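Before any comments, here is the structure.
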Amino acid sequence: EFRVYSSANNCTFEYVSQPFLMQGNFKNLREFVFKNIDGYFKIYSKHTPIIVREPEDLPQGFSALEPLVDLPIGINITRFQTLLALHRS
Amino acid sequence: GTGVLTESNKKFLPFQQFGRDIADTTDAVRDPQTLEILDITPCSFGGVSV
Ligand SMILES: *[C@@H]1O[C@H](CO)[C@@H](O)[C@H](O)[C@H]1NC(C)=O
Ligand SMILES: *[C@@H]1O[C@H](CO)[C@@H](O)[C@H](O)[C@H]1NC(C)=O
Ligand SMILES: *[C@@H]1O[C@H](CO)[C@@H](O)[C@H](O)[C@H]1NC(C)=O
């Protein structure tokens with residue numbers, strides 16, 4: 001189901017991946033970098049399981065980020081937001 | 001260029017295609033057809049003294 005939109009219009013190419021970018025208390029770490037240079041909209045990502053901490057802050061470590069997708073789309077991208085999904089019980 | 005192409009054991013990342021050196025000289029290259037990592041090394045050369 002989709003709730004963030006109701007309609008669309010004419011736009012550019014769409015890319016699609018078959019997998020996903022996704023006791024049980026062991027937290028994870030999903031780092032992302034959205035850089036827009038020379039027209040190409042580059043995106044980096046790297047996942048690593050981290051130990052659950054008390055303050056739930058950034059772990060004291062080092063992990064390189066690897067590219068996973070490149071899109072030659074974008075004209076003026078000086079704004080962005082985020083989207084979450086709540087579990088309706 | 002020119003050089004012997006052998007099967008190298010360089011653990012190339014998926015998004016990586018080429019491999020350079022200190023002098024920006026290509027040492028390894030990924031085969032476009034098959035997923036294989038070769039290496040570019042000249043065969044033999046040296047000075048000649050008489
Ligand atoms: C549709 O194409 C026009 C072409 O002029 C473009 O200006 C517009 O941004 C595109 N997307 C829309 C209308 O959502
Ligand atoms: C992008 O938007 C900002 C503010 O809305 C504006 O100052 C700037 O000129 C815009 N750039 C382009 C290329 O449209
Ligand atoms: C290359 O293309 C030919 C064309 O028929 C095909 O038979 C072959 O399996 C392809 N090889 C690879 C590695 O894609």
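Just so we're on the same page: first chain in the structure tokens is A, next is B, and so on; residues restart at 1 for each chain, and ligands are numbered from 1 in the order they show up.
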
Please write out the residues within 8 Å of ligand 3 as a VMD selection string, counting only C-alpha atoms and all ligand atoms. chain B and resid 33 to 35

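Listed by chain and then residue number, the contacts of ligand 2 are residues 75, 76, 77 and 78 of chain A (distance at most 8 Å, using only C-alpha atoms and all ligand atoms).
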
Surroundings of ligand 1 up to 12 Å, based on only C-alpha atoms and all ligand atoms, as a ChimeraX atom specification: /A:7-13,73-76

Who sits within 8 Å of residue 30 (chain A), only C-alpha atoms, same chain under 4 positions skipped, as number ranges by chain: A: 45-48

Within 12 Å of residue 61 (chain A), counting only C-alpha atoms, which residues show up once you throw out same-chain ones fewer than 5 positions away? Write them as a VMD selection string, please. chain A and resid 29 48 to 51

Can I get the selected residues back with C-alpha atoms, as a PDB file, in the first residue's frame?
ATOM      1  CA  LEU A  29      23.482   0.500  11.244  1.00  0.00           C
ATOM      2  CA  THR A  48      26.867  -3.491   9.755  1.00  0.00           C
ATOM      3  CA  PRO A  49      25.415  -5.050  12.932  1.00  0.00           C
ATOM      4  CA  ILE A  50      26.289  -3.007  16.018  1.00  0.00           C
ATOM      5  CA  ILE A  51      26.007  -3.841  19.706  1.00  0.00           C
TER       6      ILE A  51
END

Counting only C-alpha atoms, what is within 12 Å of residue 72 (chain A), bar same-chain residues fewer than 4 positions away, as number ranges by chain? A: 12-15, 35-43

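Contact shell of residue 3 (chain B) at 8 Å (only C-alpha atoms; same-chain neighbours under 2 positions omitted): residues 1, 5, 40, 41, 42 and 43 of chain B.
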
Dump N, CA, C and O atoms for the selected residues as a short mmCIF file (atom, residue, chain, number, x, y, z; two decimals), in the first residue's frame?
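What landed in part20.cif:
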data_model
loop_
_atom_site.label_atom_id
_atom_site.label_comp_id
_atom_site.auth_asym_id
_atom_site.auth_seq_id
_atom_site.Cartn_x
_atom_site.Cartn_y
_atom_site.Cartn_z
N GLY B 1 47.62 -1.02 -24.88
CA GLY B 1 49.03 -1.16 -24.55
C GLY B 1 49.58 -2.54 -24.83
O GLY B 1 49.13 -3.22 -25.76
N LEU B 5 48.86 -10.90 -19.59
CA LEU B 5 47.60 -10.91 -18.85
C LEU B 5 47.44 -12.27 -18.19
O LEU B 5 47.26 -13.28 -18.88
N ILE B 40 47.93 -6.40 -15.72
CA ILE B 40 48.72 -5.89 -16.83
C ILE B 40 50.15 -5.72 -16.35
O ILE B 40 50.45 -4.81 -15.57
N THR B 41 51.05 -6.59 -16.82
CA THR B 41 52.46 -6.52 -16.49
C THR B 41 53.25 -6.77 -17.77
O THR B 41 52.93 -7.71 -18.52
N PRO B 42 54.27 -5.95 -18.06
CA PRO B 42 55.09 -6.19 -19.25
C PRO B 42 55.79 -7.54 -19.19
O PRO B 42 56.06 -8.07 -18.11
N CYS B 43 56.08 -8.09 -20.37
CA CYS B 43 56.67 -9.42 -20.44
C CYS B 43 58.12 -9.40 -19.96
O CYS B 43 58.46 -10.04 -18.96
#

Check the smallest atom-to-atom distance from each of A:79, A:63, A:70, A:34 to chain B using only C-alpha atoms, then report the winner.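 Closest residue, counting only C-alpha atoms: A:70.
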
Once you count only C-alpha atoms, which residues of chain B turn out to be within 12 Å of chain A? Could you give them as number ranges by chain? B: 13-16

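For the pair CA of residue 36 (chain B) and CA of residue 21 (chain A), the interatomic distance is 26.7 Å.
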
Contacts of residue 26 (chain B) at 10 Å or less, counting only C-alpha atoms, minus same-chain residues fewer than 4 places along, as a PyMOL selection string? chain B and resi 18-22+39-41

Atoms to include: C-alpha atoms. Write the selected residues as a CSV table (one decimal), in the first residue's frame.
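Listed below is the output, again_27.csv:
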chain,number,residue,atom,x,y,z
B,18,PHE,CA,40.1,-0.8,-13.0
B,19,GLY,CA,43.1,-0.8,-10.8
B,20,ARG,CA,45.8,2.0,-10.9
B,21,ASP,CA,49.2,2.4,-9.2
B,22,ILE,CA,51.3,5.1,-7.6
B,39,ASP,CA,46.7,-8.0,-14.4
B,40,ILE,CA,48.7,-5.9,-16.8
B,41,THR,CA,52.5,-6.5,-16.5

May I have all residues of chain B that DSSP, computed from the backbone, assigns to strand (DSSP E or B), given as a PDB file with N, CA, C and O atoms, in the first residue's frame?
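Done, and the output landed in selection03.pdb:
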ATOM      1  N   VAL B   4      51.659  -8.929 -20.369  1.00  0.00           N
ATOM      2  CA  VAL B   4      51.138 -10.267 -20.118  1.00  0.00           C
ATOM      3  C   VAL B   4      49.908 -10.170 -19.226  1.00  0.00           C
ATOM      4  O   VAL B   4      49.907  -9.451 -18.218  1.00  0.00           O
ATOM      5  N   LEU B   5      48.856 -10.895 -19.592  1.00  0.00           N
ATOM      6  CA  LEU B   5      47.599 -10.907 -18.851  1.00  0.00           C
ATOM      7  C   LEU B   5      47.441 -12.271 -18.192  1.00  0.00           C
ATOM      8  O   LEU B   5      47.257 -13.282 -18.879  1.00  0.00           O
ATOM      9  N   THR B   6      47.512 -12.299 -16.865  1.00  0.00           N
ATOM     10  CA  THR B   6      47.357 -13.518 -16.088  1.00  0.00           C
ATOM     11  C   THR B   6      46.216 -13.353 -15.092  1.00  0.00           C
ATOM     12  O   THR B   6      45.681 -12.260 -14.895  1.00  0.00           O
ATOM     13  N   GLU B   7      45.845 -14.463 -14.459  1.00  0.00           N
ATOM     14  CA  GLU B   7      44.766 -14.468 -13.477  1.00  0.00           C
ATOM     15  C   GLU B   7      45.312 -13.985 -12.139  1.00  0.00           C
ATOM     16  O   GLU B   7      46.079 -14.694 -11.480  1.00  0.00           O
ATOM     17  N   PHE B  18      38.647  -0.943 -12.676  1.00  0.00           N
ATOM     18  CA  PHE B  18      40.059  -0.823 -13.002  1.00  0.00           C
ATOM     19  C   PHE B  18      40.889  -0.764 -11.727  1.00  0.00           C
ATOM     20  O   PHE B  18      40.368  -0.610 -10.619  1.00  0.00           O
ATOM     21  N   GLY B  19      42.202  -0.889 -11.900  1.00  0.00           N
ATOM     22  CA  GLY B  19      43.135  -0.754 -10.800  1.00  0.00           C
ATOM     23  C   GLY B  19      44.380   0.009 -11.204  1.00  0.00           C
ATOM     24  O   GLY B  19      45.086  -0.395 -12.132  1.00  0.00           O
ATOM     25  N   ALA B  28      45.651  -3.645 -13.014  1.00  0.00           N
ATOM     26  CA  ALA B  28      44.663  -4.695 -13.197  1.00  0.00           C
ATOM     27  C   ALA B  28      43.465  -4.140 -13.956  1.00  0.00           C
ATOM     28  O   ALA B  28      43.238  -2.929 -14.002  1.00  0.00           O
ATOM     29  N   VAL B  29      42.698  -5.047 -14.554  1.00  0.00           N
ATOM     30  CA  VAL B  29      41.525  -4.674 -15.339  1.00  0.00           C
ATOM     31  C   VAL B  29      40.532  -5.827 -15.300  1.00  0.00           C
ATOM     32  O   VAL B  29      40.920  -6.999 -15.314  1.00  0.00           O
ATOM     33  N   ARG B  30      39.248  -5.488 -15.234  1.00  0.00           N
ATOM     34  CA  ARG B  30      38.181  -6.479 -15.221  1.00  0.00           C
ATOM     35  C   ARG B  30      37.732  -6.770 -16.646  1.00  0.00           C
ATOM     36  O   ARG B  30      37.494  -5.847 -17.430  1.00  0.00           O
ATOM     37  N   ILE B  37      39.314 -10.989 -13.089  1.00  0.00           N
ATOM     38  CA  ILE B  37      40.252  -9.920 -12.776  1.00  0.00           C
ATOM     39  C   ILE B  37      41.622 -10.336 -13.294  1.00  0.00           C
ATOM     40  O   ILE B  37      42.237 -11.274 -12.772  1.00  0.00           O
ATOM     41  N   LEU B  38      42.101  -9.639 -14.319  1.00  0.00           N
ATOM     42  CA  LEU B  38      43.407  -9.889 -14.898  1.00  0.00           C
ATOM     43  C   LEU B  38      44.428  -8.922 -14.301  1.00  0.00           C
ATOM     44  O   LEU B  38      44.135  -8.168 -13.368  1.00  0.00           O
ATOM     45  N   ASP B  39      45.645  -8.940 -14.840  1.00  0.00           N
ATOM     46  CA  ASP B  39      46.689  -8.020 -14.418  1.00  0.00           C
ATOM     47  C   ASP B  39      47.547  -7.669 -15.623  1.00  0.00           C
ATOM     48  O   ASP B  39      47.848  -8.532 -16.452  1.00  0.00           O
ATOM     49  N   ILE B  40      47.928  -6.399 -15.719  1.00  0.00           N
ATOM     50  CA  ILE B  40      48.717  -5.893 -16.835  1.00  0.00           C
ATOM     51  C   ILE B  40      50.151  -5.717 -16.354  1.00  0.00           C
ATOM     52  O   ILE B  40      50.447  -4.810 -15.569  1.00  0.00           O
ATOM     53  N   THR B  41      51.046  -6.589 -16.824  1.00  0.00           N
ATOM     54  CA  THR B  41      52.461  -6.523 -16.488  1.00  0.00           C
ATOM     55  C   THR B  41      53.252  -6.768 -17.769  1.00  0.00           C
ATOM     56  O   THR B  41      52.933  -7.708 -18.520  1.00  0.00           O
TER      57      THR B  41
END
